[PDB]
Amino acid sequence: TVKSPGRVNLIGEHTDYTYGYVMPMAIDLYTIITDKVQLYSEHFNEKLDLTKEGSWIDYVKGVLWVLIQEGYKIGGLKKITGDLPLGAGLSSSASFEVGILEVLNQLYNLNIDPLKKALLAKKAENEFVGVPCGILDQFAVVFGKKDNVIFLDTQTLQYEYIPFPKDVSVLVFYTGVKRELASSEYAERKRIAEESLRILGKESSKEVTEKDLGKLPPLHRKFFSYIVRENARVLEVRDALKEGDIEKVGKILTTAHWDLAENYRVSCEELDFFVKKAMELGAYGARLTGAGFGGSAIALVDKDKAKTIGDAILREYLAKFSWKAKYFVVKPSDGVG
């Protein structure tokens, strides 16, 4: 049996597709996997000689395809339970991918080293399932460590563990919203960023200057100016956190949210409602997490106060919107084990 965590991004959003900085954490809500390929998906109540079908099994088929293309000698396997909500923005995708991968890693004794576990799970999701996405999710879910977040330079895969204060909790709030446009909006942001680097002669958003941004056209400059600003915030969250100044960390997430919401235009009414309400109830800061357009948000909150805050925002939110929102008081966790 294998426990694969989900994940949350502390700071550094829409940054990995230009090879900038990122600071995920694995969280303590999991996927749990228990001759041919025949699996029971407990959530769905349901299913080597490798076609896409249009169903969830496609994540399973993409990992075996990716191990085989790489030459590993594996076989089949014969149940999936879990805490983790699907489609919430807590990357059940990556949890499931690398949970499957590590079952094979353990059984068929592949002794695959961690960073390849992540790069392998991400190729399965990019090439097999049709879904674009940097290394954020797979890395977090594999490299998570107990009382830590992971600073990652995604250009160079150079990472650093930074203790997250034990008397501070990350409040995860799932809005219940998954907008249908989210997918093509992600790809547009991504298309536009790729183009910007290309116009500028640059290879990463770490390199980009004030005079560089002046050379981009209106929308490209609006979108890329945000990324250059996040990169800087990540570095500032990095120092703040290593001094245990969680109030500075919190102020920075807050700035980040409104830069995301106004400029990169990937927030929505209900993420903003959560952030606004978190701040009326004493949070250090709060901010959407993941792609945007719905999904989940985080608030930094004292541990002793977290359930009272969450319950307050939940009821406040459920009076305003009809979606099935949930929240979780979450602990930074170990990656796949």
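Residue positions are given as counts along the sequence shown, with the first one as 1.
In this entry, residue 34 and residue 35 are separated by 4 to 9 residues of the deposited sequence that lack coordinates. The modelled chain breaks between residue 78 and residue 79, where 1 to 3 residues of the deposited sequence lack coordinates. Averaged over their C-alpha atoms, the temperature factors of 234-242 and 95-103 are higher for 95-103. Judged by mean Cα B factor in the deposited record, 35-43 ranks above the other of 278-286 and 35-43.
In this structure the maximum Cα B-factor among 268, 68, 301, 291 is found at 68. Going by the entry's values, 82 shows the largest Cα B-factor out of 82, 144, 176, 218. Ranked against the other modelled residues of its chain, the C-alpha B-factor of residue 296 as given in the entry falls in the lowest third. Among the modelled residues of its chain, residue 223 has a C-alpha B-factor that falls in the lowest third, as given in the PDB entry. In this PDB entry, the Cα temperature factor of residue 200 sits in the middle third of its chain's modelled residues.
Per the PDB record, residue ranking by Cα B-factor puts residue 137 in the middle third of the chain.
Among all modelled residues in its chain, residue 212 ranks in the middle third by Cα B-factor.
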